[PDB]
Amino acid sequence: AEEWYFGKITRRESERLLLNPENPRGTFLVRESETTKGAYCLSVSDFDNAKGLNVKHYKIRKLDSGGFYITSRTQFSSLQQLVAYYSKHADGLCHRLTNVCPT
């Protein structure tokens, strides 16, 4: 669904964008991984009543057999199917995906 695909942005910049106080918990973006070539990253804003605003990063790996996954047991045939899925069920993530990060 493209608006949430931010491509080549750094971890630092994704955190700057996501840690905007006005974003609801579960605001997210998908970007390329800086450190693991060929992997993507799902970056999500989260709240802890201790840490407060913070961002969790979930590496999205590509199976050679083709699929995408964050945890081994749940694989997806595309990034857009993975985003639709975690927008409905948190299923291991800190929180379900809610808003697409602005811009």
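Between two forms, the rigid core is defined as the largest C-alpha subset superposing within 1.5 Å. Residue numbers run from 1 along the displayed sequence.
When the other structures are laid on the shown form by the rigid core, the stretch among 53 to 61 and 66 to 74 with the greater C-alpha deviation in 6 other deposited structures of this protein turns out to be 66 to 74.
Checked against the other entries of this protein, residue 43 counts as resolved in every one of those spanning it, not missing from a third of them. Stretches 63 to 71 and 37 to 45 differ in mean C-alpha B factor, with the higher average recorded for 63 to 71. According to the PDB record, 51 to 59 carries the higher mean C-alpha B-factor of the two stretches 51 to 59 and 74 to 82. The deposited CA B-factor of residue 14 belongs to the middle third of values across its chain. Placement of the Cα temperature factor of residue 87 within the chain: lowest third of the modelled residues, per the deposited record.
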